[PDB]
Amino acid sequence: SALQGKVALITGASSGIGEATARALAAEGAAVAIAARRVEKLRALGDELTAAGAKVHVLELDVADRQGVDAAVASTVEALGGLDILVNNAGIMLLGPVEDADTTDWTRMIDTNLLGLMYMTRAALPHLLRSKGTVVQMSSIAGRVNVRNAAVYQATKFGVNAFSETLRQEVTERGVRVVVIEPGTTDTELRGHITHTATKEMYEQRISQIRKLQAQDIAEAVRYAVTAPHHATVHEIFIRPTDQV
């Protein structure tokens, strides 16, 4: 129980990497505030974790809503007494060419992956400053490598990375650790949201013949980074499927 007495807030906790991360942190003894739009999914996860002995705080939240973000951080601190770890995991991946793109793909991705992550970082920061806490940014291979049909997705993830390095420069001397996780292909619900049909199909075929990373693997990376001693900031973990060039 490396995180006994600590409080973690995890966005995008209703499925995928966020769900596995909530579980992994709870297993380490952290109280978990789990946030997402699908209230029912969170309550189900919340019940499971509570039944296993965890302290859970359920938050219905859209990370793109600045005021909503402020209230979620406030609610977490009221219910759980503080904030030691923030996991900015809420995100969406809408693939397709730039040409003739559905620009709501773009505004959604920017709102959630970039602005939402920034809003939640800023709202949590005074609390993380007090606790000399850790912010974990869920980036991507797409924050490191550019491939076709992911231009705006990659823009947001390279943006998260730059935002996060700069944030590290700003707050690291005050003991706030900035951790950036960069998974490659992970078996989640992420790809089901792709709106460009031809691209959804190409992407599905591209990832069909690898062993994908598991959400649990990414959760383990988070666990490794957050349980490191305070004097160490694991600023980047870049984890790739072994099967994938």
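When you see a residue number, it is the position in the sequence shown, counting from 1.
On average the C-alpha atoms of 201 to 209 have higher B-factors than those of the other stretch, with 30 to 38 and 201 to 209 being the two compared. In the deposited entry, the Cα temperature factor of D187 places it in the highest third of its chain's modelled residues.
Among all modelled residues in this chain, the alpha-carbon of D217 has a temperature factor (C-alpha) in the lowest third. For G159, the recorded CA B-factor ranks within the lowest third of the chain. Only modelled residues enter the ranking. In this PDB entry, the Cα temperature factor of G143 sits in the middle third of its chain's modelled residues. The PDB entry assigns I194 a C-alpha temperature factor belonging to the highest third of its chain's modelled residues.
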